[PDB]
Colleague: 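Once you've had a glance at the structure underneath, I'll fire off some questions.
Every chain is numbered from 1, with letters handed out A, B, ... down the list of sequences.
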Amino acid sequence: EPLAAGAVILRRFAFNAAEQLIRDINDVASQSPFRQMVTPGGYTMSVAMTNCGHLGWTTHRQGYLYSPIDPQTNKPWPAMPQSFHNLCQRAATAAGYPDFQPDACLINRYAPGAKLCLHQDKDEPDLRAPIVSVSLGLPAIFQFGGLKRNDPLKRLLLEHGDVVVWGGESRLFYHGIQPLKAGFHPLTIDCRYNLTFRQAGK
DNA sequence: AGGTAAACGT
DNA sequence: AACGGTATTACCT
Ligand SMILES: O=C(O)CCC(=O)C(=O)O
Ligand SMILES: [Mn+2]
């Protein structure tokens, strides 16, 4: 019944914290605005993104990279809000990863139709640390597979406040998001946000 | 050697 | 529309 070895879903874990989380997303984006990044191959992603914390995930021509500087503003990413950090630590603890210290939070925003094709999170040098993923606003279908792209997928609806954590044996599993269905949510109005916490540095 | 980008047709 | 090809290569370090 558990998501996978080392992996768990904490349904509605972030429900009570969500209004403050969303105020702080708005604050982060007021400094480093959401933008749709362009892949190395030249395609614009459907998800709009920004980052907070000491390191931010970015693409550039040469690949994927963590950087301490937002290439759009040329200034450091905004500091990680304490609300984000406190929620992360509680969720990580509840999921069995009490020692997790993220230094990076990638904020994804899904408009209707936006998706994330199956991928692995492998840009982090220390793969001992888990990923903590917090869903806010409109629901989305999350794909969670195995070590190989063709391993069979579990498909789970992720609703507002749901937190998923993966690590250990499932750290490098393929995962993704199916094209967002249009809808209404009273706190985000017409979108989904996802916060993805990582330990990106050493 | 090995790391690793990947987001159209059936 | 769920599944899988593509990187079965071309380039870095
Ligand atoms: O949006 C999600 O639920 C997953 C996001 C994700 O996998 C990523 O940003 O790497
Ligand atoms: Mn991911």
Colleague: Would you say the side chain of A/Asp70 lies within less than 4.5 Å of the side chain of A/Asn51, judging by non-hydrogen atoms?
Modeller: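 They are not in contact (no side-chain heavy atoms under 4.5 Å apart), so the answer is no.
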
Colleague: For A/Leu127 and B/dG3, what is the distance between atoms CG and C1' respectively, to the nearest whole Å?
Modeller: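 Whole-Å distance recorded here is 14 Å.
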
Colleague: Roughly how far apart, to the nearest Å, are C/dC3 and B/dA6 at atom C1'?
Modeller: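 To the nearest whole Å, 16 Å.
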
Colleague: Using the P atom as the reference point in each nucleotide, state the distance between B/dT10 and C/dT6 in Å, no decimals.
Modeller: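 To the nearest whole Å, 13 Å.
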
Colleague: Could you check which nucleotide pairs with C/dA7 in any of the strands shown, counting Watson-Crick or G-U wobble with both distances under 3.5 Å?
Modeller: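 Pairing partner: none.
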
Colleague: Expressed in angstrom and rounded to an integer, what is the separation of A/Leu116 atom CG from B/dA7 atom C1'?
Modeller: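 Interatomic distance, CG of A/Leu116 to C1' of B/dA7: 10 Å.
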
Colleague: Rounded to whole Å, please give me the gap between CD in A/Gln143 and P in C/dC3.
Modeller: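 My rounded result for the distance is 9 Å.
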
Colleague: Nearest whole angstrom, please: distance from the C1' of C/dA1 to the CG of A/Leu153.
Modeller: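 Whole-Å distance recorded here is 14 Å.
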
Colleague: Is C/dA7 a north or a south sugar when classified by the sign of torsion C1'-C2'-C3'-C4'?
Modeller: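 Pucker flag: south.
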
Colleague: Check each of A/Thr50, A/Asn108, A/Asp123 against A/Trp57 using the side-chain hydrogen bond (donor to acceptor under 3.5 Å, both in side chains) test, and report the only one that passes.
Modeller: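 When side-chain hydrogen bond (donor to acceptor under 3.5 Å, both in side chains) is applied between A/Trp57 and each of A/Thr50, A/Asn108, A/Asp123, only A/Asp123 qualifies.
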
Colleague: Less than 3.5 Å apart, any donor N or O on the side chain of A/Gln143 or A/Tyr174 sitting next to an acceptor on the other?
Modeller: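 The criterion, which ignores hydrogens and geometry beyond distance, is not satisfied for A/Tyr174 and A/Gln143.
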
Colleague: Which one is paired to B/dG2, where only Watson-Crick or G-U wobble pairs with both distances under 3.5 angstrom count?
Modeller: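 B/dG2 is paired with C/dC12.
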
Colleague: Return the nearest nucleotide to the side chain of A/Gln178; candidates are B/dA7, C/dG4, C/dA2.
Modeller: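 Ranking B/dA7, C/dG4, C/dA2 by closest atom to the A/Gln178 side chain puts C/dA2 first.
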
Colleague: Roughly how many Å apart are C/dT9 and B/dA7, using the P atom of each and rounding to a whole number?
Modeller: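 The answer is 24 Å between these two P atoms.
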
Colleague: What contact category does A/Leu65 fall into here, base, sugar-phosphate, or nothing, at under 4.0 angstrom with non-hydrogen atoms?
Modeller: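 Contact class for A/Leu65: none.
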
Colleague: For A/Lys148 and B/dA6, give me the distance from atom NZ to atom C1', rounded to whole Å.
Modeller: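 For the pair A/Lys148 NZ and B/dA6 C1', the rounded distance is 19 Å.
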
Colleague: So what does A/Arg155 hit on the nucleic acid, given a heavy-atom distance under 4.0 Å: a base, only sugar-phosphate, or nothing?
Modeller: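 Answer is sugar-phosphate: A/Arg155 comes under 4.0 Å of backbone atoms only.
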
Colleague: According to the interplanar angle, ranging from 0 to 90°, do the rings of A/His160 and A/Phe15 count as parallel (below 30°), tilted (30 to 60°) or perpendicular (above 60°)?
Modeller: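 Judged by the thresholds at 30° and 60°, the geometry between A/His160 and A/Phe15 is perpendicular.
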
Colleague: Might you confirm whether atom CZ of A/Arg12 has over 12 heavy atoms from other residues, nucleotides or ligands at distances under 6.0 Å?
Modeller: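 Yes, because the 6.0 Å sphere around CZ of A/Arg12 holds more than 12 heavy atoms from other groups.
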
Colleague: Please give, in whole Å, the distance from B/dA5 P to A/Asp121 CG?
Modeller: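 Those two atoms, CG and P, are 11 Å apart.
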
Colleague: Output the single nucleotide from B/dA7, C/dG4, B/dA5 whose closest atom is nearest the side chain of A/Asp123.
Modeller: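 Looking only at heavy atoms from C-beta outward on A/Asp123, the closest nucleotide is B/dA5.
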
Colleague: Please report the distance, rounded to the nearest Å, between OH in A/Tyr64 and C1' in B/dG3.
Modeller: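 These atoms are roughly 14 Å apart.
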
Colleague: Which whole-number value in Å describes the distance from A/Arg149 CZ to B/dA7 P?
Modeller: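 Rounding to the nearest Å, CZ of A/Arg149 and P of B/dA7 are 11 Å apart.
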
Colleague: Which whole number of Å gives the distance between the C1' atom of C/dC12 and that of C/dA7?
Modeller: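 After rounding to an integer number of Å, I get 14 Å for this pair.
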
